[PDB]
Amino acid sequence: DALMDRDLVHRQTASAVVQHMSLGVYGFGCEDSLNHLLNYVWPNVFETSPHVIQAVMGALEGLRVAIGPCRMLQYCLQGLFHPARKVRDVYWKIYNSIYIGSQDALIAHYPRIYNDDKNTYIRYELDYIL
Amino acid sequence: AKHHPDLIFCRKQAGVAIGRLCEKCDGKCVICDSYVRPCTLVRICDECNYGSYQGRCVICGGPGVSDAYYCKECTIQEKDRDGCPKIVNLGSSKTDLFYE
Amino acid sequence: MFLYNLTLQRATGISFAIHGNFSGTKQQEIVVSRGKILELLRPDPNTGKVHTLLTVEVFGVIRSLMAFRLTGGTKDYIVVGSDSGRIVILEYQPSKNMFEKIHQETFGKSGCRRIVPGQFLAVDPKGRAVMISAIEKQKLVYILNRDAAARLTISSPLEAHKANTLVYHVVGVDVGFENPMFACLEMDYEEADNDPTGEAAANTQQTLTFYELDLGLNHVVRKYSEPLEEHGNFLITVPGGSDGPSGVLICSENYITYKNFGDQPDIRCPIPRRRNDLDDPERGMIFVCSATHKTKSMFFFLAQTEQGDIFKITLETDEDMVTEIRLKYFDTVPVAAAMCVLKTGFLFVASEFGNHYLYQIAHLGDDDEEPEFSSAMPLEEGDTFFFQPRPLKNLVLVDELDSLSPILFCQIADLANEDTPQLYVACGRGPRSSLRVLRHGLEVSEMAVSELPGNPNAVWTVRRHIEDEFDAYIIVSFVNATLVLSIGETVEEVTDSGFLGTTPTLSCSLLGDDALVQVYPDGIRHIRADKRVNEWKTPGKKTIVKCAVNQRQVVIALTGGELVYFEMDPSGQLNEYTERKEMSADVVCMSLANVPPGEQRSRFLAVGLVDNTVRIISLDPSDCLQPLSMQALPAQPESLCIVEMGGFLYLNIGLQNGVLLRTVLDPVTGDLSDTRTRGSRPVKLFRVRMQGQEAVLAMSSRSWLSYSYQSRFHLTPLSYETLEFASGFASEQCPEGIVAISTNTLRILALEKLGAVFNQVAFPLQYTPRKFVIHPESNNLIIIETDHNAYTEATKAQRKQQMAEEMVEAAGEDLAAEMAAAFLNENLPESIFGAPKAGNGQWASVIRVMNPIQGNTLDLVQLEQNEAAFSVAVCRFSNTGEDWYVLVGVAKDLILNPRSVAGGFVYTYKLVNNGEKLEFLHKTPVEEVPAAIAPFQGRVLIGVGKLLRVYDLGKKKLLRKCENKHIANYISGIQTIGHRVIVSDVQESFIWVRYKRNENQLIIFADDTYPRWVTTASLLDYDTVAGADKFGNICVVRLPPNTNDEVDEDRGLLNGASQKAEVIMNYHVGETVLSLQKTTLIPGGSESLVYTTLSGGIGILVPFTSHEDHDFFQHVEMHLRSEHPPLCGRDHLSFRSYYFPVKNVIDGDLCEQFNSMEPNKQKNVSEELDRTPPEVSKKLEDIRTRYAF
RNA sequence: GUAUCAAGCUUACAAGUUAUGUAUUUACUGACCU
RNA sequence: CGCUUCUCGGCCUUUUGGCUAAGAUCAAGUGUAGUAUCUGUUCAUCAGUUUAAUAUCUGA
Ligand SMILES: [Zn+2]
Ligand SMILES: [Zn+2]
Ligand SMILES: [Zn+2]
Ligand SMILES: [Zn+2]
């Protein structure tokens, strides 16, 4: 209801709550409610005020570890090359924060990118089996 | 700090120099600026801890009293294993108050 | 839901190994890294064997491991760099037996990144500086010093930043009291990425760069940077100063290179190949090892290539300038990742896959017969210097260190009709592969055998004196036969010897120096050389029950209990005491023990009674015949034992179902009885001697040896049947052993391997054992063997015939046809000399039907050159009768990089008659590799890759019935449970498919949200599905409660199915789990998931009974995260949440490090949890006793 | 100002329409600050 | 059928009373960084700049 509320102050305080909660229940098996609340945190990325954007950025970098970098990367996808620059640069810097926060955890979390006419975009090493 | 966005950190390589905090900023975290759950000592570079800059607080630059710490929230987010978080600049805070 | 991790056999594959004086003495020790496990090994030189002294879990990956010697110091210190950004320096303390964390320092963020260091490591050999290095952009230098407490000090990390620059391998240059230099291979790639022409990325050759640390100016500067016309992989330190020409050696494809700056030119030597070996279409040849050695007169390098050919590299310089380099063929070994050559003639080779080896250097130097060449002699046309491989002349096989890595496929099966199940494990790579059967017992080996008739009850062991080793006589009695055999050669019944008394004998012992006390119906014998017997023992009638034996004092009883002693005098003959209790009988058994000091009685009496009671009494002349402490037992003991196993007197009663383990102490008795279970015949607890100490064998339906291996209480069984008795044995035929038979025979047993748990027995193989299945009727195994870059033996014979053809064809007019026929008739063992390698794109494969009992080639079916097997399953169809069928998935022209297959086949086999041979039935084509076979409802389901197809038998070929195309990229495994089909994607996750009975449709109805790169799978319940990945995670996905199966078939929910499943646990191990199986490991225990990893580690996941156990072990691991941090600096919660976050899983391997700390931390954790550390240890080992081994 | 619980005193008696730009407030946030 | 008067109800000021000297007296806050919202206010056809697409300029 706080993230559903019309004012942005409720949403930035609730993002602080979800941040401190994600830093509190890390490693306990409470990823369902955090995935519920991040579905309401994620439309609040588009705000341009500095306090609410640093609050939701702290919430994203706190939820990066608790539910896993995989859900964060899936939330980042189909928003990287979006033609509107205002969503584009913000989603790229969220991807930069996730990249510097946990790089190797994203290695199992990348999707597949098929080949073009010239280059080789397939990670052939993870493709075969024994 | 997160309170004043115009402050920038030093972000160079951290050595064995243990950071200090003044009597006004005792217990404060450097990144999240909190009071609870200390986990990791603060390591700063040799350029920010040299000569007259020894025994000096990280944020305000006053005389240090207690040791500086990281929080567990900065520990599990690994904001302690980055560059040295020594605040270098001082702008629009504790400067114009001297002129007033 | 709530699972608990416990390892049984830990990791065995070695990634890094180092040698040095870690204990601080003259002898050298080995420190190896198993990836996750850090181990210390001691090569005991007198016997040649290897004894592991300490093994620890660092809870991370060890990316860099290197030891250094301090300047003016004796003990070598360890530098470990890991996935975390915590570089750690370690010192082995021999007193407390733990790796002391000397200094842990932060240098960057964690994880196996490209940016942060940890990947490569170098150190100055004098011990002044150490460089840790990443792949790119940063290399950090620590300065090592010592202050006046003889203590190590480390300054700030120096910077060597160089953007857009790769790092290939870093090494340290030995300088004598000069500024230390670090050599590394670097490569710039900004002109390779900014230029799209492609040729700029071809002339971007390697540059060897020297970094000089000015300790006077406190910075790192790029001193030299010289290019390479070849591409090198790693470097070799050359010792110098006052020792020789200080420099670096550069290994490269078909070349070895010396460079050293200033005036010495680039000395190049081509690498010698074999004579006409069939592995070189266009391939190169590199090294894998360096193995530097300094014998205090010269220095050499025992380098190793990727085939196992050891090269003796020796530098000989007339001036300070280098003249030329030279090398020669030394020996052949299995291929190793790292060597550790040792002082006093030892060489430890740590293979990348399979068992490790320790050889003894028999002939060093070897400059007598071998025609070796050099570099600077004018040789043209390639390398031009070949060699013929040869068997062992310089090294001899001494130790074969057992290693289950690589575990590629595993099954828990009871094929051998044992009470406990067995592990069938695929292992090895290529020619060194083996199917290994694993039991729970110990390695009991037989040396001799006899044919003792009748029905013997027992066998007793006695020596001449306390100091000898021959153990002159060995007596066997049942009621009335004496039968005191000679222990040595020609085992046969005896005449009247110097120790023999009468025939109905019942006990023997050595009481005095040579005085033997022997017990029979007319009881007392006291015989050393004169037969000084005093056979009174008459309180009227009763004379035969209940002997008991100690070496200094005697207790014997009659119908009764607490009775006579019948000691000896220290300078005379026997005596007696007249103080009797007379004990309304109730007697079952007696057993005691004695201490080696003591001029007194100096023991403790233990008696067991017919009623539910035992009684232990100290019988000192003060407080004599007065009971000390009381008892409790449920049914009846029927056995006793007292033992001392440490370096607290370990009382052991045992009952007909279970055994106990008390901790009796000498003034006061705090028992604290540990409990364990064992038809269930009454047990027998007998004292034997191994390794220098003593131990207990408690015997039941099967035997159970309880020995203290550095205060851990290993109660491991024996591999044989029930043997009804146990007694010690010592002779020159075998030094220590156990004669243990009361059933119609006689054997000599030996316990060679004692520190481990499992019994490795290996069956050799030819190629890589991909997977196998289990034939339930007349139990056999059907295995598929598949190697990329390998030939089949028909193609090998054709290639050898071609070699002979061009050797007799190329200028044979001048002739040697003996060389061609000599190459033909001499077939080299590929397991020793290395398997040949078939270029690129070839796929050798065979199918092997094997009896798992004897391990013979019962059936072998070969394939052609480009045909590889990937999936096999036995099944019984529904349209036909009872006869079995084998479906084999074969691929042709698969070529891996880049992947472009050219269609595959499915073979069908009949398996006549009982499973001893295998007949071909038909061969159907398919467009993509069938890497999954699954029997289901009397038919087969095959995952072609994006296509799941249900098949049926046809007399010409297989006929499909359905086809599904909405499944993702490529199929990796299909397992069935009934009415549901679990489809493993190779990339994303599991997919639930419903097969219809009225229709034939394959309709997907459920999927998962996380990409995982799933490899193997297992089924636990009707809804829960477990799985593992290539990376090391173990995941369990559980469906929502509704999940309606009846879905008849365009929008999906998120680009797929609609019923999204949830995950109840994600877990990280660090090693690729390739076999998950839900089973029960012991009879009487409970179900537990068994996972077998890739690097030899075997673990289990255990469910919790109630919530209080989950809460208690969660508090235990939460306290041990804070009190006992890991060694590499990697956080335990961050390591178990490495890729995916941990969920409701307690790592019990961290919890079992509670018993390794000092009692201060144990007292703190136990008083925080309001318990005692014995109670916490008992609650900890209840899970391993009930659910595990 | 109230609802309970004794002594003080009292007869000892009668007796079967979204939106922009700016002049311009009002509120809100950052544990902002001698 | 219309008209005058009376009674009953549906109801649109009810504030604690009135008077003495309106009965007598009272009510301080910053400085920094940023944001939301009111009042005031105003919104002719090619080519390219720019923008996710739109909305300033030059052109006849
Ligand atoms: Zn301060
Ligand atoms: Zn903090
Ligand atoms: Zn600094
Ligand atoms: Zn203009």
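One line per chain: the protein sequences are u, y and v, in this order. Heads up: the first sequence runs through residues 1175 to 1304, numbered per the entry's author numbering. Heads up: the second sequence runs through residues 2 to 101, numbered per the entry's author numbering. Heads up: the third sequence runs through residues 1 to 276, 277A, 278 to 366, 367B, 368 to 647, 661 to 672, 674 to 692, 695 to 830, 834 to 1061, 1062A, 1063 to 1068, 1078 to 1217, numbered per the entry's author numbering. Beta carbons: idealized from backbone N, C-alpha and C, even for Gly.
Quiz item: Any residues whose CB sits closer than 5 angstroms to a heavy atom of ligand 1? List them in chain order?
Solution: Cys23/y, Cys26/y, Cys58/y, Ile60/y and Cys61/y
Quiz item: Is there contact between the segment 298-318 of chain v and the segment 814-827 of chain v, where contact requires at least three CB pairs shorter than 8 angstroms?
Solution: no
Quiz item: For the 8 angstroms Cβ check, are there 3 or more pairs between the segment 17-36 of chain y and the segment 1286-1294 of chain u?
Solution: Contact fails: fewer than three Cβ-Cβ distances are below 8 angstroms.
Exercise. In the DSSP assignment, find the unbroken alpha helix (DSSP H) run with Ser1205/v in it and report its ends.
Key: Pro1201 to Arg1214
Self-check item: Amino acids of chain u, ordered along the chain, whose beta-carbon sits closer than 7 angstroms to that of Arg786/v
Solution: The contact set of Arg786/v on chain u, defined by CB atoms closer than 7 angstroms, consists of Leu1304 in chain order.
Quiz item: Under 7 angstroms, do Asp331/v and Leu395/v count as touching if we go by C-beta distance?
Solution: Contact flag set, yes.
Quiz item: Quick one: Cα of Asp419/v to Cα of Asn875/v, how far?
Solution: 24 angstroms
Quiz item: Who are the neighbours of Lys109/v on chain y, taking C-beta pairs under 8 angstroms?
Solution: Simply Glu79, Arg82 and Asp83.
Practice problem: Run the proximity test for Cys85/y: is its beta-carbon closer than 6 angstroms to any non-hydrogen atom belonging to ligand 2? | Solution: no
Exercise. Establish whether the CB of residue 1225/v and some CB of chain y are separated by less than 7 angstroms.
Key: Shown here, chain v extends from 1 to 1217; a query on residue 1225/v therefore has no answer.
Exercise. Can you say whether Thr384/v is buried or exposed, counting buried as having 16 or more other CB atoms within 10 angstroms of its CB?
Key: exposed
Practice problem: For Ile1241/u, return the contacting residues in chain v, with the cut-off set at a CB-CB distance below 7 angstroms. | Solution: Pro1169
Self-check item: Any C-beta of chain u under 7 angstroms from that of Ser991/v
Solution: yes
Quiz item: Okay, do the segment 947-959 of chain v and the segment 876-892 of chain v touch, 3+ Cβ pairs below 8 angstroms being the bar?
Solution: Because the criterion of three Cβ pairs below 8 angstroms is met, the segment 947-959 of chain v and the segment 876-892 of chain v touch.
Exercise. Determine the direct distance from the alpha carbon of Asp522/v to that of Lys546/v, and round the result to whole angstroms.
Key: Each residue's alpha carbon lies about 14 angstroms from the other.
Self-check item: Touch test, the segment 1160-1175 of chain v against the segment 1094-1101 of chain v, Cβ-Cβ under 8 angstroms, three pairs minimum
Solution: yes
Self-check item: Which of helix, strand or coil DSSP assigns to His1160/v
Solution: Here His1160/v sits in helix by DSSP.
Practice problem: Give the residues of chain y in contact with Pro1224/u, contact being defined as C-beta atoms less than 9 angstroms apart. | Solution: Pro6
Quiz item: Taking Cβ positions only, does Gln14/y come closer than 7 angstroms to chain v?
Solution: yes
Quiz item: Any heavy atom of ligand 3 closer than 6 angstroms to the Cβ of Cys33/y?
Solution: Checking every heavy atom of ligand 3 against the Cβ of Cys33/y, none is found closer than 6 angstroms.
Quiz item: Taking Cβ positions only, does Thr165/v come closer than 7 angstroms to chain y?
Solution: Among the residues facing chain y, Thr165/v is not included, as its CB has no counterpart in that chain under 7 angstroms away.
Quiz item: According to DSSP, which residues form a beta bridge with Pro1131/v?
Solution: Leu3/v
Quiz item: Do three or more CB pairs link the segment 14-34 of chain v to the segment 327-341 of chain v at distances below 8 angstroms?
Solution: Yes: at least three Cβ pairs fall under 8 angstroms.
Exercise. State the CB to CB distance for the pair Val333/v and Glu306/v, rounded to an integer number of angstroms; the pair is presumed to be in contact (CB under 8 angstroms).
Key: Actually they are not in contact, since the Cβ atoms of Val333/v and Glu306/v sit about 12 angstroms apart, beyond 8 angstroms.
Self-check item: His1147/v versus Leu1129/v, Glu1195/v and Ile1110/v, residue with shortest Cα-Cα distance
Solution: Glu1195/v
Self-check item: Spatially closest choice to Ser716/v from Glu737/v, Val704/v, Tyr725/v and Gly708/v, by CA coordinates
Solution: Closest by alpha carbon: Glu737/v.
Self-check item: Contact test: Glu768/v Cβ vs ligand 2 heavy atom, cutoff 6 angstroms
Solution: Incorrect: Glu768/v has no Cβ contact closer than 6 angstroms to ligand 2.
Quiz item: DSSP puts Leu574/v in a beta bridge; with which residues?
Solution: Listed as beta-bridge partners of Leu574/v by DSSP are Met568/v.
Quiz item: Buried or exposed: which applies to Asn1213/u, given that a residue is buried once 16 or more other Cβ atoms fall within 10 Å of its Cβ?
Solution: Burial call: exposed.
Quiz item: Which residues bound the beta strand (DSSP E) around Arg815/v?
Solution: Not the beta strand (DSSP E): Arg815/v falls in the alpha helix (DSSP H), residues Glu809 to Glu825.
Quiz item: Taking one C-beta from the segment 429-440 of chain v and one from the segment 464-472 of chain v each time, how about it: are there three or more such pairs within less than 8 angstroms?
Solution: With a cut-off of 8 angstroms, the segment 464-472 of chain v and the segment 429-440 of chain v do not count as touching, because too few Cβ pairs lie within range.
Quiz item: Which chain v residues are close to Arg44/y, counting only those with a beta carbon under 8 angstroms from its beta carbon?
Solution: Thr106
Exercise. Give a yes or no on whether the minimum CB-CB distance between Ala1233/u and chain v is below 7 angstroms.
Key: Taking Cβ atoms only, chain v never reaches closer than 7 angstroms to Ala1233/u, which makes this a no.
Practice problem: For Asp68/y, decide whether its Cβ has a neighbour in chain v, counting only Cβ atoms nearer than 7 angstroms. | Solution: no
Quiz item: Whose CA, out of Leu674/v, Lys1049/v, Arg1031/v and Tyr329/v, lies closest to the CA of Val1056/v?
Solution: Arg1031/v
Quiz item: Which two residues bound the contiguous alpha helix (DSSP H) that contains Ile1274/u?
Solution: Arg1259 to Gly1275
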